[PDB]
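Coordinate inspection notes
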Amino acid sequence: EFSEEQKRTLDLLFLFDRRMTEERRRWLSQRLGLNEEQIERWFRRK
Amino acid sequence: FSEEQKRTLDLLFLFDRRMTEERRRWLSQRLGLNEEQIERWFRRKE
Amino acid sequence: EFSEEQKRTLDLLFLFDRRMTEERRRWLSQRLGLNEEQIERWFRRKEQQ
Amino acid sequence: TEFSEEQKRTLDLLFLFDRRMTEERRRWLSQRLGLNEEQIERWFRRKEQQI
Ligand SMILES: [K+]
Ligand SMILES: [K+]
Ligand SMILES: [K+]
Ligand SMILES: [K+]
């Protein structure tokens, strides 16, 4: 179903998306003055 | 938490949900698969 | 200076940052009620400042 | 003026967000392609003025 090059591209964007979501939590915590426990509890609710 | 923080949070939730949709289109165009076929892969990658 | 399985990775994210910047502009116009030509050059004219 | 305060308050936010994600993307690439943050940023500055 998925080629080796198509799965290679998806696996790159998945890891990249995972990293950006982590850093946003680090960035929002620093900026909004919150702990990473809360903001991730926020984004998981919605 | 502050009523100016749900601002920064509700925006980036709407911002990121819009980018996820558009990532799925761009991937459907660059790779050749449909969007369901892409959205299913990202989901099963958890 | 680079590689062939390192340039693709850089090429992919460049086309991806390219697409995400366009759509953001479209999404901001829809939301802030501005046009895409205002947005496009308010942004990255802030690297001017 | 041309831009609203309630609009500029969104535009400023996403500029800092994008600027921060661009930093971390470079690092994430500098720690995955073996190259460095002046190599990676050079490549992106090159393709930017068309390649
Ligand atoms: K839910
Ligand atoms: K396309
Ligand atoms: K399923
Ligand atoms: K890593």
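Positions along each chain are numbered from 1 by the written sequence. They may not match the entry numbering, and residues without coordinates are not shown. Labels are handed out in written order, letters beginning with A for the chains and numbers beginning with 1 for the ligands. Values reported for side chains reflect all heavy atoms of the structure, with hydrogen atoms and water molecules removed beforehand. Residues with missing side-chain atoms are left out of burial classes, side-chain pairs and their counts.

Regarding how it was determined, this PDB entry cites X-ray crystallography in its header, along with a resolution of 3.000 Å.

The PDB entry annotates chain B as computationally modified engrailed homeodomain originating from Drosophila melanogaster.

Chain A goes by computationally modified engrailed homeodomain in the PDB entry, where it is assigned to Drosophila melanogaster.

Quick notes on the packing of aromatic side chains
For any two aromatic rings, the description comes down to two numbers: the centre-to-centre distance and the angle of the planes. Rules: Two aromatic rings, drawn from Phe, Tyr or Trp (for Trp, its six-membered ring), form a pair once their centres lie within 6.5 Å of each other, and the interplanar angle then sorts them: stacked below 30 degrees, edge-to-face above 60, tilted otherwise. Counting from the N terminus, the helices are DSSP H or I runs at least four residues long and the strands are E runs at least two residues long. Each residue is placed in one exposure class: buried if its accessible area under a 1.4 Å probe, protein chains only, is under 20% of its type's maximum, exposed if it is over 50%, and partly exposed if it falls in between.
Per the stated rule, a full pass over the model turns up 12 aromatic pairs over all chains. With a centroid separation of 6.1 Å and an interplanar angle of 80°, the aromatic rings of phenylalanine 15 of chain B and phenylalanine 17 of chain D are classed as edge-to-face. One end of the pair, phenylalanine 15 of chain B, is in helix α1 (residues 5-30); the other, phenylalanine 17 of chain D, is in helix α1 (residues 5-30), on a second chain. Overall, the relative accessible area of 10% leaves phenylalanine 17 of chain D in the buried class.

Comments concerning the coordination of the potassium ion (ligand 2)
To keep it simple, the criterion reads: Counted as donors are N, O and S atoms no farther than 2.8 Å from the metal, or 3.2 Å for Na, K and Ca; water is not among the atoms, and sites may therefore look incomplete.
Around the potassium ion (ligand 2), the protein contributes the donor atoms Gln29 of chain B (OE1) and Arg19 of chain C (NH2), at 3.0 to 3.2 Å from the metal centre. Note that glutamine 29 of chain B is positioned in helix α1 and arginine 19 of chain C in helix α1 (residues 4-32), a pairing that runs across two chains. For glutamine 29 of chain B, a relative accessible area of 52% corresponds to the exposed category.

Concerning the interface of chain C and chain D
Definition in use: Any two residues having at least one pair of non-hydrogen atoms within 4.5 Å are treated as being in contact. Defined in terms of a 1.4 Å probe, buried area is the accessible area two parts forfeit on being brought together, summed over both. Note on definitions: salt bridges are taken to be side-chain nitrogens of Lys or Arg within 4 Å of carboxyl oxygens of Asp or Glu. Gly is put with the polar residues, along with every residue not named as nonpolar or charged; the nonpolar set is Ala, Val, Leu, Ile, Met, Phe, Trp, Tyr, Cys and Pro, and the charged set is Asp, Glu, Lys and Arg.
At the junction of the two partners, chain C supplies 22 residues and chain D supplies 23 residues. Interface area lost by chain C to chain D is led by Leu10, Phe14 and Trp42 of chain C, which between them contribute 27%. Here chain C is connected to chain D by 5 salt bridges. Residue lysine 46 of chain C is joined to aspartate 12 of chain D by a salt bridge in which the shortest nitrogen-to-oxygen separation is 2.3 Å. For the side of chain C that touches chain D, the secondary structure elements donating two or more residues are α1 and α2 (36-42) of chain C. Ranked by the residues each element gives to the side of chain C that touches chain D, the list is headed by α1 of chain C, at 12 residues. Looking at the side of chain C that touches chain D residue by residue, the classes come out as 11 nonpolar, 3 polar and 8 charged.

So, the environment of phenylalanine 15 of chain D
Among the secondary structure elements, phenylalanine 15 of chain D is positioned in helix α1. Taking the relative accessible area as the measure of exposure, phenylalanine 15 of chain D reaches 10% and is therefore buried. Setting aside residues no more than four positions away along its own chain, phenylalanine 15 of chain D makes contact with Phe43, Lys46 and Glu47 of chain C.

Notes on the interface of chain A and chain D
Put simply, the rule is: Throughout this description, a polar contact denotes any pair of N or O atoms lying within 3.5 Å of each other; where both atoms belong to protein, one of them has to be capable of donating a hydrogen while the other can accept it, and for residues adjacent in sequence the pair is counted only when both atoms sit in side chains.
Between chain A and chain D, the contact holds 11 residues from the first and 10 residues from the second. Here chain A and chain D share an interface that buries about 1,100 Å² over both sides, 68% of which is from carbon and sulfur atoms. The tally of links from chain A across to chain D stands at 1 salt bridge. On inspection of chain A and its partner chain D, the count reaches 2 residue pairs in polar contact. Counted by class, the side of chain A that touches chain D contains 5 nonpolar, 1 polar and 5 charged residues.

Quick look at the packing of helix α1 (residues 6-32) of chain A against helix α2 (residues 35-43) of chain B
Quick note on the threshold: Simply put, an axis is a line fit to the C-alpha atoms, just over the touching stretch for a helix, and the angle between two N-to-C directions goes from 0 to 180 degrees. An angle below 35 degrees is treated as roughly parallel, one above 145 as roughly antiparallel, one from 65 to 115 as roughly perpendicular, and anything else as oblique. Handedness of each helix crossing follows the sense of rotation of the near helix against the far helix: counterclockwise by less than a right angle gives left-handed, clockwise gives right-handed.
One way to put it is that α1 of chain A packs onto α2 of chain B with a least axis distance of 11 Å and a crossing angle of 55°. Considering their axes alone, α1 of chain A and α2 of chain B lie oblique with respect to each other. Two packed elements cross with a definite hand, and for α1 of chain A against α2 of chain B that hand is right-handed. Together, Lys7, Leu10, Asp11 and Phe14 of chain A of α1 of chain A and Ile38, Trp41 and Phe42 of chain B of α2 of chain B make up the contact between the two elements. Per-class residue counts for the contact of α1 of chain A with α2 of chain B are 5 nonpolar, no polar and 2 charged.

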